[PDB]
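Given next, in structure tokens, is a single chain: the form deposited in one PDB entry.
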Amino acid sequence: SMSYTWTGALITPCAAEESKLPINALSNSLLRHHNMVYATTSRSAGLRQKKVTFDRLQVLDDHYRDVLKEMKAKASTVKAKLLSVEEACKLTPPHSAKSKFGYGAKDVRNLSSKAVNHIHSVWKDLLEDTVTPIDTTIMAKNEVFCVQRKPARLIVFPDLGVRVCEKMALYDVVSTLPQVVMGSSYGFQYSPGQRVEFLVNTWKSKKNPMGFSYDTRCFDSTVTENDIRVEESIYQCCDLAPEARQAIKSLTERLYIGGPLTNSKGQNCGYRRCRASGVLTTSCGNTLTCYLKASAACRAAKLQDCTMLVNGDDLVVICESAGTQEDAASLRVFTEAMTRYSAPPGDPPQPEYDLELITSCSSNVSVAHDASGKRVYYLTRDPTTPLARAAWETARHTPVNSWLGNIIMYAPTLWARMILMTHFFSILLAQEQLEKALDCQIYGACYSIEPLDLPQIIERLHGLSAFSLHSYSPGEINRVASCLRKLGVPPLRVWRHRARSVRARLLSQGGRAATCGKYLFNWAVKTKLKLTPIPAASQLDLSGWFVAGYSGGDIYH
């Protein structure tokens, strides 16, 4: 069937949208080539609609069904709980889209009776009605990139009342089931460092390793009614409260499978018959579906000693090589199988024999050296998008601070330490806002973070190693340097000078600020200080951080 049907009514914005990089007094210090940075807007949504609208055919064989059976057996060992209204409410981001029914995200969070009462009525309707399509809003995402222009991605989401009900029925399931079903292949369980460890150990476990990333073209669009029903049957394998079962069946039939699309003006835009990007099950359903099709495809292709790593629609496979000719042939068969299962490639997969050249979750393993001169593996990425976004965030206040998420996740990297840390700490010093908590997103979930806690966060997730890495690789150094020329970012020599100042200012304020100076900026000085475990690090509740993915799932921790 067709992934979407359209009426012709436009995908509309709520407010005016900026496409050009906003400029203030801080902009030039980060980036000179302002015309390279842009934000997607609803004005390019038509282009996206064209891309994501196609017919899906699906041919399902024994490998597919055998894997599904295996998945269901593991799923049947899961016991999941219902969340109460209150518990579900507390998982709502404070900035989440307001309800059509007279209350907003903050009314939800502080548990106002107006919000609670409507949510209760939404839940009761779900239990009582299992057929009536649930309304969704379709919007264009405003995301920032460097020119290479990408059309706006589309986001489809039900009302806030429904979203709370999703959490009630499914939060525990989507949080716990994926790891039980997929084990070590479940990508969202890993910190960046645990991800490196798993990739490195998997690579080393092969006699002659070969790996490939598989990019599905518009994965959400390739998801069929069969696929969404199949995932529900996996959910229903769980030990569940009777009301949970009913709500999940109702949400599947009324929401997850498909439904009408309404713009911000209230106009009918058409109909969806594929994955909605803005539902709680987006991450879990995509992960299960990608794992299922790929596992089956590995068997169809007779890939030898396969290990898969799956993060929603993001797939990487490591296996035993049979030489370049048989590998290329094997990947073609893999691709044919995926295509039959309705997961055809965007860019065709290519075999890689250098682990450091495999990109997965926009990232690659690379190598540097710790204090002892001991080689350490770490996760990095091309910094172009992080830096484009940091430029936007320098001149504009944003709901989500990608710079802070990036500092957390990519703390060991040369670009995050020299540029991002230096730049944004300078900004926070000048404003005296070091102590002000800011929102960031990690694996789709929203977190409120104090910048002064960064040293403890980084020590916990990465180890004290992240403050002492040196002698990065030539390929990594070249990629960063190339990126800075492209965007017109000052050379790393300027950043070292800046960091010396940022460091000194932080130290001169004592307490948590000086701790930021000492650990975060120890790289900047010639005569570095001895770095010991920070006492207050084993205190913050980092439980829930790397449990699951929640893209579009409207989750706050």
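Residue numbers run from 1 along the displayed sequence. Each form is matched to the other, and the largest set of C-alpha atoms that superpose within 1.5 Å is called the rigid core.
The segment from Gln148 to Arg149 is interrupted, since 4 to 9 residues of the deposited sequence in that interval carry no coordinates.
Averaged over CA atoms, B-factors in the entry run higher in 490 to 498 than in the other of 490 to 498 and 55 to 63. Averaged over Cα atoms, the B-factor as recorded in the entry is higher for 528 to 536 than for the other of 28 to 36 and 528 to 536. If you compare the C-alpha temperature factors of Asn311, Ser277, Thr222, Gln304 in the entry, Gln304 comes out highest. The residue among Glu166, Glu450, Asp227, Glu393 whose C-alpha carries the highest B-factor in the deposited model is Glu450. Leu507: CA B factor in the highest third of modelled residues in this chain (values from the PDB entry). In the PDB entry, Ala15 places in the highest third of its chain by CA B-factor. For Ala297, the recorded CA B-factor ranks within the lowest third of the chain. Only modelled residues enter the ranking. When the CA B factors of the chain's modelled residues are split into thirds, the value for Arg254 lands in the lowest one. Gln267 sits in the middle third of its chain by CA B factor, as recorded in the PDB entry.
Absent from the display: the form deposited in another entry. The rest refers to it.
After superposition on the rigid core, the single residue among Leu428, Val156, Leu199, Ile134 whose C-alpha moves by 2 Å or more between the shown form and the other one is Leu428.
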